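Residue numbers (the entry's author numbering), protein chains in the order written: chain H, 1 to 121; chain F, 520 to 545, 562 to 661; chain B, 520 to 545, 562 to 661; chain D, 520 to 545, 562 to 661; chain L, 2 to 27, 32 to 91, 96 to 106; chain A, 35 to 57, 66 to 138, 150 to 185, 187 to 309, 312 to 323, 323A, 324 to 396, 412 to 458, 464 to 503. Where a beta carbon is used, it is the ideal one built from N, C-alpha and C, also for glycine.
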Amino acid sequence: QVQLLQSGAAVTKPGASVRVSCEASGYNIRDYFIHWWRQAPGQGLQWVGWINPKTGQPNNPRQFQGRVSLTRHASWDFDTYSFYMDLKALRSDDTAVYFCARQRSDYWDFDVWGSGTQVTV
Amino acid sequence: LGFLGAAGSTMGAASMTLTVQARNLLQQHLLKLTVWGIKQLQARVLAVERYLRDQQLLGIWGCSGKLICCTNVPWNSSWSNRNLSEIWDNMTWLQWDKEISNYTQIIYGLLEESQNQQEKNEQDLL
Amino acid sequence: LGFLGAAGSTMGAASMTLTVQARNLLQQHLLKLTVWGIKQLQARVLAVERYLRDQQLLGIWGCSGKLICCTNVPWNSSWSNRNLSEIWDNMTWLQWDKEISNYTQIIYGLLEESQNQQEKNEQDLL
Amino acid sequence: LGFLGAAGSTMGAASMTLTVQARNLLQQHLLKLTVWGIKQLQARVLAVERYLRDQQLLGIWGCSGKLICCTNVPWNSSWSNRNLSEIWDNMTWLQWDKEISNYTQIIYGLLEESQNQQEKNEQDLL
Amino acid sequence: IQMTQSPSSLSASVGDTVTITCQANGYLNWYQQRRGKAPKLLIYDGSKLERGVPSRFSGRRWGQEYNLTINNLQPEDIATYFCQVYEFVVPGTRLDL
Amino acid sequence: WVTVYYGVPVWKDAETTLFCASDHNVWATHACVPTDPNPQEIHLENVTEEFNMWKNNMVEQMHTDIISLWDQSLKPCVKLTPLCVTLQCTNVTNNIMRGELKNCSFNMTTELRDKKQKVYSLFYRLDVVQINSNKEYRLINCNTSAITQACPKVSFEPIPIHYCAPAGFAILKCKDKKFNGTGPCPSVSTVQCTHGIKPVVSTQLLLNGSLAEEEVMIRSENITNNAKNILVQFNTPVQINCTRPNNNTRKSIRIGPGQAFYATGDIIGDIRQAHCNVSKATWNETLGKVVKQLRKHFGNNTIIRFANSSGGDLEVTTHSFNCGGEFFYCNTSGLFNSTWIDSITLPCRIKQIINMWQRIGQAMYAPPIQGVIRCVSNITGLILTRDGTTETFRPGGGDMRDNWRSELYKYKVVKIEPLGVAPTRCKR
Ligand SMILES: *[C@@H]1O[C@H](CO)[C@@H](O[C@@H]2O[C@H](CO)[C@@H](O[C@@H]3O[C@H](CO)[C@@H](O)[C@H](O[C@H]4O[C@H](CO)[C@@H](O)[C@H](O)[C@@H]4O)[C@@H]3O)[C@H](O)[C@H]2NC(C)=O)[C@H](O)[C@H]1NC(C)=O
Ligand SMILES: *[C@@H]1O[C@H](CO)[C@@H](O[C@@H]2O[C@H](CO)[C@@H](O[C@@H]3O[C@H](CO)[C@@H](O)[C@H](O)[C@H]3NC(C)=O)[C@H](O)[C@H]2NC(C)=O)[C@H](O)[C@H]1NC(C)=O
Ligand SMILES: *[C@@H]1O[C@H](CO)[C@@H](O[C@@H]2O[C@H](CO)[C@@H](O)[C@H](O)[C@H]2NC(C)=O)[C@H](O)[C@H]1NC(C)=O
Ligand SMILES: *[C@@H]1O[C@H](CO)[C@@H](O[C@@H]2O[C@H](CO)[C@@H](O)[C@H](O)[C@H]2NC(C)=O)[C@H](O)[C@H]1NC(C)=O
Ligand SMILES: *[C@@H]1O[C@H](CO)[C@@H](O[C@@H]2O[C@H](CO)[C@@H](O)[C@H](O)[C@H]2NC(C)=O)[C@H](O)[C@H]1NC(C)=O
Ligand SMILES: *[C@@H]1O[C@H](CO)[C@@H](O)[C@H](O)[C@H]1NC(C)=O
Ligand SMILES: *[C@@H]1O[C@H](CO)[C@@H](O)[C@H](O)[C@H]1NC(C)=O
Ligand SMILES: *[C@@H]1O[C@H](CO)[C@@H](O)[C@H](O)[C@H]1NC(C)=O
Ligand SMILES: *[C@@H]1O[C@H](CO)[C@@H](O)[C@H](O)[C@H]1NC(C)=O
Ligand SMILES: *[C@@H]1O[C@H](CO)[C@@H](O)[C@H](O)[C@H]1NC(C)=O
Ligand SMILES: *[C@@H]1O[C@H](CO)[C@@H](O)[C@H](O)[C@H]1NC(C)=O
Ligand SMILES: *[C@@H]1O[C@H](CO)[C@@H](O)[C@H](O)[C@H]1NC(C)=O
Ligand SMILES: *[C@@H]1O[C@H](CO)[C@@H](O)[C@H](O)[C@H]1NC(C)=O
Ligand SMILES: *[C@@H]1O[C@H](CO)[C@@H](O)[C@H](O)[C@H]1NC(C)=O
Ligand SMILES: *[C@@H]1O[C@H](CO)[C@@H](O)[C@H](O)[C@H]1NC(C)=O
Ligand SMILES: *[C@@H]1O[C@H](CO)[C@@H](O)[C@H](O)[C@H]1NC(C)=O
Ligand SMILES: *[C@@H]1O[C@H](CO)[C@@H](O)[C@H](O)[C@H]1NC(C)=O
């Protein structure tokens, strides 16, 4: 079934880099963009950005320009699809839980999300 | 009574249900050249050809667009010697097609020739 | 005015241009079984089937070979209550097809049944 | 005289044999998508299309289901100035098609337009 | 695109009809975040519902405003409920029960 | 009182198999029906029709047709399965980064199955990945796909294709100059075939396209959804000139019985980077018109920035295209550079292992073209993507259905329903 298995919680320091994996399985990964969101402690959700699974074209807001890097990697026959989220100029502000979700139509319905990955700086 | 519903009904009663039989004689829009697409295309072309053959015969007999059409050909008695009462009140159309089987072909010839005659006559009357 | 030229013209005026619409409803001689040959064959068969469906309906209504054909079916008022003046002097055919959309099917049924009735009557008159 | 048997016969005599020409204008049930199955399918579809084109022209001229059909179009003299006697007693149909070759198209236009006129007139008479 | 969602805290009892007002001018979605389990989609677009979501949840559009009428409020609705129009998500109201 | 009419002007929205018409090519244009020398266009008066370019079935059908033609053109050609082996690669003889060409030697199979030949070939660096021994390489596609050499005689040149609907159907061209793309369009017309739509595959720039008549035109399915690309259409073209200045002779290596592999040999001249030029004074003020038309949607006080591609595959980070038979990938970082409150040389990299249509398992080896290739194309549009006081518009593409939405936006297939039933005061 549709599943977005995330990686374990990682700890880094200000300046280092963190990678968050979102191994996706159970459906045609090609037709549905993968969006990354960020839940700060005791706050709302924040839009990190979407990655196209077909072309790999990322799309992030002005805050994460030159900072976040959304990448993907498909195994043979596209059956598995590991989506990676990289951060470079990491700060204490960016301690949060990074979710990966599947936009499933033009309405931006995220019917499935990831387990979550607690990045603590 | 739907398609072929009057198959066992008498010959006269099935003549009131000729329309419900004449009607059924004739992504998805792509052919696909597969095991099933070939079969679908063959089905469509066969249906078209059969319908056109029947309508062609009706057209050349002068019975075009007529579900019931009298003709000037007299009934030669040697085809079948049976009075109309049991034909149109007792029997079904399938039994009648059983009896008239062999003769049918030459009957068709007579009909079309007669039509041609009358056509010339009309062109002589105008 | 060529094909569909009277689309926005009134309903009455487009009735004088039915022929220029009915006409277009229907090496190169080899099929080639290619990407384009398949599409051409599908196009040809679809055109034939659509033309035959329309002509079949006209034939079973008794309107065969008639671009305009009156019928014995009365206009049941529940289909649409509008006087002929605005229908035939103001509106276009597309708007009319918009209004009569739902009812059309049962109208067809009435027409063909009536045709069958009259056919039997003629066979009773001869 | 079978198919095309009256090709060299005079124009009048071939008019009594129009039926034997109009008739031939139109495991084995599977298509097989082979060198020969493709050719057979192309043959069938071409035959259907040609027959429907001819019958469509006849239908829109009002000559539907008529092997001989007079029309209201007058004979414009510029097409050909020849009296009927040699046309219908000496010449064959092939020679006549040779002479009337260029004009034929516009003749067709006249015919169909006339048919539409008469259709409206009948709807005005009823 | 501009959004607003009021109130921020809202306590209700069992067997109650409770509405969370949320005004927007885009295709709106409603979510249910259970404080450490990732959100769950309940109502997609203004009124349509998701599989696996009982009829206890329902939505209604009126000009620009959206309701999320949660009738027959059960104990299993103690979560946080937030809107979403494309990339803009507002903090959710913390249902207390 | 019912009256039946045959030939009525009525139509319903429908989808059918459109065939082709046209005046050694990948898109099998020889097989097309001969198009009308003078197309008959009938201006329909008083009629308003509701179009939708983003739900057009013609676009999906054309995508399927283009993919099918690409597949059938590759069917009878050579399979370069032997070419996937370890390659001893040195640098091409050069002084000089410029590792862009690698002189790679390998043991190829000969006509005889029991013999082998030591041959060599110049491979672009994008077409070879390093394995392990530091000189050992392999083709990029060996661990993901099977590669099929494109036939040297079939051309990739886009020949215009006219999409004609069958009889009993029609195509409705919307002649309204200011067409937002969807909704009602007055001044409709009927056509028997669409105009000559060149199948030009490219990303970040629409080349050899049809231009708007009145203004620059911005067309997006939703201008609020970032995931939707923004198709920009230019009222005047921006000419783009390419050159692949390398001479690049070819050389046939017989890889099997009756099977040849055309490989690059020695370069006759200087090893020079390929590029395409765009006039600076035209591309500026073309972006001027674009920013005016974008500020129309985004308000007058926004700052319409143009940044370069955020990332992804090579096919969408660069202006990819086929020029003279060689597959170029131009940087276009200088084009998409301004805030918007003398030529622009865009360096391009060539590839020979091409995976079109975002597929795997159907890679192809474009043979090397001899001589010197040049483009003279006309940029007639863009495929932008907005970033979710200022608005940044990076390039996009990759999905070729957006490349043919910019062409099949006027047109709209309809099914002619000739039967009609009207009330008149007549009886049988
Ligand atoms: C946008 O359109 C332009 C044209 O409007 C197009 O540029 C053209 O590219 C073609 C590529 O085929 C050029 O034609 C070639 O030109 C040279 C010089 O004559 C020859 O090398 C070529 O002939 C050989 O190769 C052909 C295969 O490519 C063989 O079929 C042939 O037998 C020969 O072996 C060929 O004629 C054409 O000159 C330019 N047009 C110009 C410079 O005006 C451009 O590529 C299009 N852009 C895109 C992205 O599609
Ligand atoms: C969009 O434009 C950007 C500039 O505005 C480009 O960013 C440049 O990309 C170069 C290639 O990746 C970078 O060079 C690399 O720099 C890193 C960090 O210093 C080095 O480790 C690498 O070795 C070096 N690459 C090489 C081949 O030596 C540039 O530093 C970088 N510039 C800036 C200002 O960040 C983007 O590449 C460009 N994107 C596209 C898709 O064209
Ligand atoms: C772009 O997206 C917006 C926001 O979702 C759509 O907004 C609709 O706009 C129409 C016309 O004003 C309104 O009647 C609808 O009520 C709006 N919908 C909603 C959910 O608010 C807009 O239609 C989209 N544009 C397109 C598809 O062209
Ligand atoms: C690519 O490398 C090959 C060798 O693998 C070069 O061919 C050799 O060139 C030298 C210098 O001219 C000759 O002496 C040798 O006899 C050649 N060996 C062969 C053909 O096996 C070739 O010139 C290089 N090509 C370039 C740099 O384009
Ligand atoms: C596209 O061109 C840009 C410049 O127009 C390249 O960015 C340069 O990268 C080099 C290293 O490769 C740096 O030394 C320069 O400072 C960069 N220039 C700028 C203006 O930032 C860019 O790398 C090119 N794209 C690719 C994919 O190589
Ligand atoms: C194929 O090879 C590349 C380059 O070594 C590698 O990154 C990739 O994971 C491999 N697999 C696929 C499916 O591309
Ligand atoms: C034949 O079938 C009809 C209905 O189709 C039925 O009414 C009739 O009784 C049957 N005939 C006989 C002789 O039973
Ligand atoms: C409808 O179009 C016709 C030409 O087809 C034109 O003469 C007429 O004026 C138009 N009707 C109206 C109401 O403008
Ligand atoms: C033409 O052929 C017919 C038989 O079809 C024959 O009787 C007739 O004599 C021929 N005409 C001439 C002028 O010989
Ligand atoms: C060969 O090219 C590589 C880059 O791929 C470069 O680092 C190296 O110095 C070159 N070697 C020689 C001998 O020119
Ligand atoms: C080609 O075969 C020879 C056999 O002696 C071997 O030494 C050489 O390394 C081989 N080359 C490659 C590229 O595998
Ligand atoms: C064009 O289409 C857009 C699509 O969002 C619509 O909102 C707009 O009103 C239309 N504009 C015109 C001028 O018809
Ligand atoms: C390319 O090289 C050939 C010889 O291989 C030469 O005749 C030709 O002129 C060169 N082409 C140029 C300079 O465009
Ligand atoms: C494109 O090439 C032609 C070749 O004659 C040249 O005249 C023209 O100026 C060039 N345009 C640009 C923008 O470089
Ligand atoms: C383009 O034109 C604008 C408007 O005149 C000007 O401000 C700008 O400097 C020019 N150059 C660029 C790169 O935008
Ligand atoms: C891009 O823009 C910057 C200024 O923002 C400029 O300095 C740089 O040279 C430009 N890069 C190009 C044209 O490649
Ligand atoms: C754009 O370029 C082509 C040649 O590539 C040329 O024939 C065409 O006329 C140009 N377009 C315009 C609008 O000048």
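Cα-Cα separation between residue i and residue j, rounded to whole angstroms
| i | j | result |
| --- | --- | --- |
| residue 85 of chain L | residue 6 of chain L | 12 angstroms |
| residue 9 of chain L | residue 43 of chain H | 12 angstroms |
| residue 593 of chain F | residue 581 of chain B | 24 angstroms |
| residue 536 of chain F | residue 522 of chain D | 37 angstroms |
| residue 106 of chain A | residue 500 of chain A | 51 angstroms |
| residue 244 of chain A | residue 309 of chain A | 54 angstroms |
| residue 620 of chain F | residue 526 of chain F | 19 angstroms |
| residue 655 of chain F | residue 596 of chain F | 14 angstroms |
| residue 119 of chain H | residue 91 of chain A | 54 angstroms |
| residue 275 of chain A | residue 372 of chain A | 22 angstroms |
| residue 111 of chain H | residue 63 of chain H | 26 angstroms |
7 angstroms Cβ cutoff met for residue i and residue j
| i | j | result |
| --- | --- | --- |
| residue 419 of chain A | residue 384 of chain A | yes |
| residue 20 of chain L | residue 76 of chain L | no |
| residue 324 of chain A | residue 305 of chain A | no |
| residue 611 of chain B | residue 649 of chain B | no |
Selection from the options that minimises the alpha carbon distance to residue i
| i | options | result |
| --- | --- | --- |
| residue 19 of chain H | H:41, H:83, H:92 and H:101 | H:83 |
| residue 27 of chain L | L:46, L:66 and L:79 | L:66 |
| residue 251 of chain A | A:458, A:466 and A:104 | A:104 |
| residue 615 of chain B | A:503, A:498 and A:439 | A:498 |
| residue 43 of chain L | H:33, H:45 and H:34 | H:45 |
| residue 259 of chain A | A:253, A:187, A:286 and A:229 | A:286 |
| residue 540 of chain D | F:641, F:624 and F:591 | F:591 |
| residue 547 of chain F | F:625, F:613 and F:534 | Looking at chain F, the numbering goes 545 and then 562, which leaves residue 547 of chain F without any coordinates in this model. |
| residue 455 of chain A | A:182, A:361, A:203 and A:270 | A:361 |
| residue 121 of chain A | A:371, A:190, A:457 and A:313 | A:313 |
| residue 217 of chain A | A:296, A:67 and A:99 | A:99 |
| residue 81 of chain L | L:39, L:102, L:88 and L:87 | L:39 |
| residue 602 of chain F | B:531, B:617 and B:658 | B:658 |
| residue 75 of chain H | A:71, A:199 and A:162 | A:199 |
| residue 66 of chain A | A:464, A:175, A:503 and A:210 | A:210 |
Does the count of Cβ pairs from the stretch 629-641 of chain B and the stretch 477-490 of chain A closer than 8 angstroms reach three? No, because fewer than three Cβ pairs between the stretch 629-641 of chain B and the stretch 477-490 of chain A fall closer than 8 angstroms, the two stretches do not touch.
Measuring CB atoms only, is the stretch 82-95 of chain A touching the stretch 120-131 of chain A, in the sense that at least three cross pairs come out at less than 8 angstroms? Taking a cut-off of 8 angstroms for Cβ pairs, the stretch 82-95 of chain A and the stretch 120-131 of chain A do not touch, as fewer than three such pairs fall below it.
Residues whose Cβ lies closer than 5 angstroms to any heavy atom of ligand 9, in chain order: The filter returns D:527 and D:528, in chain order.
Under 7 angstroms, CB to nearest heavy atom of ligand 11: contacting residues: Ordered along the chain, the selected set is A:127, A:128, A:129, A:130, A:158, A:159, A:160, A:169 and A:171.
Is there contact here, the stretch 154-168 of chain A with the stretch 377-395 of chain A, by at least three beta-carbon pairs under 8 angstroms? Counting Cβ pairs under 8 angstroms, fewer than three are found: no touch.
In chain order, what residues have a CB nearer than 6 angstroms to some heavy atom of ligand 2? Qualifying residues come out as A:363, A:364, A:372, A:386 and A:388.
Count Cβ pairs between the stretch 441-448 of chain A and the stretch 260-271 of chain A that sit closer than 8 angstroms; are there 3 or more? Flag = yes, the stretch 441-448 of chain A and the stretch 260-271 of chain A touch.
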